[PDB]
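Chain IDs A, B, C, D, E, F, G, H, I and J follow the sequence of writing; residue 1 opens each chain.
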Amino acid sequence: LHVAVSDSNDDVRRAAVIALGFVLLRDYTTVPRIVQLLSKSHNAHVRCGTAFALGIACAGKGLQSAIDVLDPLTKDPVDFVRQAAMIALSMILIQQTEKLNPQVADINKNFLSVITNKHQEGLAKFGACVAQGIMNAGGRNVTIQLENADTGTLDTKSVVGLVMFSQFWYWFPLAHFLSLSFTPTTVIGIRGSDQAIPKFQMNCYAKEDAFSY
Amino acid sequence: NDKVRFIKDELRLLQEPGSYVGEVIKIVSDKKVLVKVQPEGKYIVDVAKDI
Amino acid sequence: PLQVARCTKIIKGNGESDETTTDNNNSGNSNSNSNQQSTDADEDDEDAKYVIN
Amino acid sequence: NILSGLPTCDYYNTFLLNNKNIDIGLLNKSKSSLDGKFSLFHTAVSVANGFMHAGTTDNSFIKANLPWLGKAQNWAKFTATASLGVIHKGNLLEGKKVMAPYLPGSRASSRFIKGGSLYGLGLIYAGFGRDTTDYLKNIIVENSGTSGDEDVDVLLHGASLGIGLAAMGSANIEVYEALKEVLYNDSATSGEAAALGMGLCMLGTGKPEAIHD
Amino acid sequence: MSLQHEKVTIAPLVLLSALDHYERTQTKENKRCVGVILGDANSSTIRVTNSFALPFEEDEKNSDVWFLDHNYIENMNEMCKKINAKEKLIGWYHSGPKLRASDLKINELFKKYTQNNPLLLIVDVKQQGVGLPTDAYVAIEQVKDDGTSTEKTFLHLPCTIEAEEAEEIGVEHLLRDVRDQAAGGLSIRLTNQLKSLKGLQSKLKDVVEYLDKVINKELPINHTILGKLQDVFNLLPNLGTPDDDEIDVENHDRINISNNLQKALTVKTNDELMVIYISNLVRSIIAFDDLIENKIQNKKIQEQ
Amino acid sequence: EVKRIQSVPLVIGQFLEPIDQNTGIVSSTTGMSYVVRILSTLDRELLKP
Amino acid sequence: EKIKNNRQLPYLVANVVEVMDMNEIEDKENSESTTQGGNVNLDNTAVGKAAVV
Amino acid sequence: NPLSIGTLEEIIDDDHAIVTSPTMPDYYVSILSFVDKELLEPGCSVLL
Amino acid sequence: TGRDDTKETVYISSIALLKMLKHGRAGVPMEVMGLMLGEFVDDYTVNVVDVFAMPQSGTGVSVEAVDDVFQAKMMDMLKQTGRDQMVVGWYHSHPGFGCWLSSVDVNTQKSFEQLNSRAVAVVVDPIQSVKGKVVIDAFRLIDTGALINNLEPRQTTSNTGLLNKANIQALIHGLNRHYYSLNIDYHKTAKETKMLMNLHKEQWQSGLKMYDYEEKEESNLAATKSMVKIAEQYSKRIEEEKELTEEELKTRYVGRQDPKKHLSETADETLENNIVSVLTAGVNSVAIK
Amino acid sequence: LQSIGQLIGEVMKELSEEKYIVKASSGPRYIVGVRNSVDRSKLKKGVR
């Protein structure tokens, strides 16, 4: 926080805001309040970094507050501020809750419109493209996890991946490491004496999904 | 914070170039209009994206 | 575009008084000004230069 | 076998293959608005559609955006190549086979196809190939004495990222020693790739030697 | 020569270009480099406009053995006259960080080249002094205390920076720091007051040790430095004089103006408190009005 | 930074009238109508005539 | 060579209205009629030799 | 965009013309692109 | 192709900056003709240690304004001091226009493009530089054949991918058909940093100085009197303000050049001065005696 | 060549001893500063 205010250069400003949500990965709820002040900032760079931090923070364990914070950052006028917000929204609202949420359908098509628009800059279009890519990743059946829910321990692959993904402004081929952050969500039955998947049906309250189709 | 951004905003637009003012004499069907600038010649010039 | 100009004054481009180093007046010998002397430190053989409006 | 992680990948690969939703309308709407004869536009789509078919080997993309492929250029062409590894992730039996014609020694059309093919090889066999690292290991040390040649530098740029993913969390001093020579040269793009790859390798170690070096 | 040369104005280009000359020749660790300083002169204000390296060589066996190249100097003057007709020879920089006695001899070369006493400009590029990055010195001849001869000496002058217009624009732009001192808000000047006090003490300390060394370690007695201290002591305010007593009364009067000014802001604050307690009062009314309105919309569905 | 802009050189014009509360229209001593952003920290009640 | 670059074409045509010539040491310093110390020059920093065109 | 107005003084038959424009110096302009030599008459107003 | 054709990030040192501005502001009206001397590395990074104004000319900018005698003369003497560097492009002033290359400037550019294809042409307009980056920009020829076949963007990787241009006009017309534009960055060390900020030992000197008390007492009275007068305006304002519409309040009882606000700033200003005046005085009294 | 040409005005009317309104001979009225190379004890209204 101290470096984000005190060090006036744009790289240093942007990095330190991104860096907070890795520290407070598990305390993802309080982050919306702390970078509330940096969302509103008169410094474009700082707001760019605000948007990535919130994406990373609430990616696998959702939270409403961030989705709301990230909406004015979409609509923020600076080119790259917008670019950052679009990519970030799809990290958070990667398939979890989307049956209790009309929001997923609305954000998805917000990406569509930006691509259709010619009047938008290339940078807004870039942000829509990649963001539409993530949303429908995996065949619409993977999620971005941040930790294993079976041991309470941060996954090596996801967290390290994220850092390589976040920087792509300065070298563009450094943007395919979010592949490692995908983990399939699915319970797979294995047979104990034939090691193959059985067909078995379980009662489940479930879960219409067609909110990114 | 709002007070610093706005002063920078006042400053920003002064660095941007000036503006003018004419009156439309006639309408063109090329998606243009014919404007006559008040101390200056006629120009057929593209129109704003909001009209 | 090419601008439209028109000649309004004729000069002869030697004897003009273009170099002004060791010459005098506004006019030279009316055909020479830098070919009889190299105390100007220059020679030029340009004539009928013409002054447009 | 389970502790190797090899059958563990294959059980997710069964998931991804059966249950894929490829949406062709998203794909097609990207072809028209964001072009190929713009480098930035090409880059955005290549990444997007890589994420989208991620983890499920498919050639549907390749065949779809076949006239779009020939519009690639420059470093956009590199990214386009890198994106296939994201598509072809998993499937460890068939994993090599699919990067095989885009692999050097059996390619010669562009330096980007040959370079990003080696980045693409590393994404698939990340954590599942300790043999993988060595094959790529040859190319690192190979090009480190001939690195004043720009074409060659591009081939090496991609191998250094690829070997980085492969040896991630294995901590091999061999691999380290190889990327340290590309770095001590001061290679134009490949020193950048090699410095990142040293950190991936020696992930969590905290050893002073890597730290001072 | 010339007599008027009293204050030296120094462009921000000069400190940076000398800095660059030192490190682009790989002369370091007290291998000195001599370059010329060009500008205008013949007048009180001395502008150094531009600076450039010359070839130089130095010996560590006897230190009064050196090479200076004159031929390069001749070519430089020809070239730069066309660049700006505002560059003529005004002396030479010596790269520092210290003044030598060997710079006394090198000076006789530059005194011959240009008819003015030539400026010696020390550009401290090793920056071990917290002030003075530039020191200005003009060699002059004067008769010297303690019965001694007309000796050659270097007399310090003002070494000021005031900057050119041209220079100001790049200087502020590169700047992104809150500056060493700027003297803007109250925060900057509260820092400054405390900085000044440390400043006064540091100069004064060196003086203590000079007087100690005259009477213990036999450095020669220079009556100019003793005389300045006399003058210091005669402009020292004495308590219980009418001058000092007045200072005390004036402090009461300025603090009366401050007392009132602090109270005149409570008034400004007090306006705000009331405007916020009014705002809060409206948010209350708004909240009740909605809770009533949910009933009307509930009723409309049953109704139709 | 604003204060620099305010100092000289300046060209005289004459304020006519507002069209907004933050943009006005002037005509210069050049003989050109220019529609101009008005600066904050000046009159907008005694600016109107 | 520097002067010839100028004398080479095109160049503006004008007329001279009047000439105003002052000399060095106009008060004590300068060829201008202002008050400042030093800079005795012909026209370079202390202007007084001039044509109004 | 924009187009400066002209006024056509006269046509020289060789794929040029002379205009006098509210721009202070006159121009030898060319007749070219979606215009004909006989789609113009002298003294008619043209678009430059 | 045979080059990466990616527009270079231009790092012109702070020493170089100062030079470049000085030479163009001097020569107004006039175009000043120089060369950039640095060292090109990578495929995207130029570092400009110093620049040279080659002698001013009356032909403007052309290939017939390069002077190879004068060029060489500069070069030969850098070698002899060991400060040798090579050209990475050239620079020039527009004395009262925006930043673009003309067709005629493109051909000057072309001479250096033979030498290395990462030649930059930098345009300075110093009547509009009240800031150090503004109205300066660097341009670089792209291959003519890349244009025909539409490989023209490919500067969008190996860079930030942000690109701030200035103006409609000549800029967009030459951008399209000749050159690719990218921002000039400005680079500096910490030895240079201390040099600018510092203002000798006469910087601390100002901070123990006291002033004539006629001017201090005068300063106080002026401010004091001022707050009586706009504080009758304040009385009117907070007598009313019981009526809805925020804008309507600002016309009627004022809120445009708001009296409460103007008073508060002036009151604070003189209050801060006089805290200083007593501190700096009491410091000297104790300190010096 | 390095002297550089100059423009003439006449002081149209005093506005401050800092700032003065000049009427340019080139055209438009301007408010211009003063330098330390001119005496403002000898700038007065209607001085060229």
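We take it that contacts are C-beta pairs under 8 Å (C-beta built on N, C-alpha and C of every residue); 3 or more make two chains touch, one makes a residue touch a chain.
Student: What is the shortest path, in steps, from subunit H to subunit I when you may only step between chains that touch?
Tutor: Shortest path length, in steps: 3.
Student: So which chain ends up in the middle if you average the CA atoms?
Tutor: I
Student: Compute the distance, rounded to whole Å, between the mean C-alpha positions of subunit F and subunit I.
Tutor: For subunit F versus subunit I, the centre distance works out to 25 Å.
Student: How far is the middle of subunit C from the middle of subunit I, if each middle is the mean of its Cα atoms, in Å?
Tutor: Distance between chain centres: 45 Å.
Student: Calculate how many whole Å lie between the centre of subunit F and the centre of subunit G, each centre taken as the average of the chain's C-alpha atoms.
Tutor: About 38 Å separates the centre of subunit F from that of subunit G.
Student: Starting from the mean Cα coordinates of subunit A and subunit J, work out the distance between those two points in Å.
Tutor: 63
Student: By residue number and range, which residues of subunit I touch two or more other chains?
Tutor: Within subunit I, the residues that touch at least two other chains are 26, 55-56, 130, 157-158, 161.
Student: Which parts of subunit J, given as residue numbers and ranges, touch two or more other chains?
Tutor: Each of 1-3 in subunit J touches at least two other chains.
Student: Touching two or more other chains, which residues of subunit D qualify?
Tutor: Only 38, 40, 43, 75, 79, 189 qualify.
Student: Sort out for me which residues of subunit G touch subunit C in the complex.
Tutor: 4, 7, 9, 13
Student: Enumerate the contact residues on subunit F facing subunit J in the complex.
Tutor: Those in contact with subunit J are residues 7-12, 28-30.
Student: Given the complex with subunit G, which residues does subunit I contribute to the contact?
Tutor: That would be residues 55-59 of subunit I.
Student: Mind listing the subunit I positions that touch subunit F in their complex?
Tutor: Residue list for subunit I touching subunit F: 130, 251, 254, 256-257.
Student: Would you mind writing out the residues of subunit B in touch with subunit H in their complex?
Tutor: 32, 40-46
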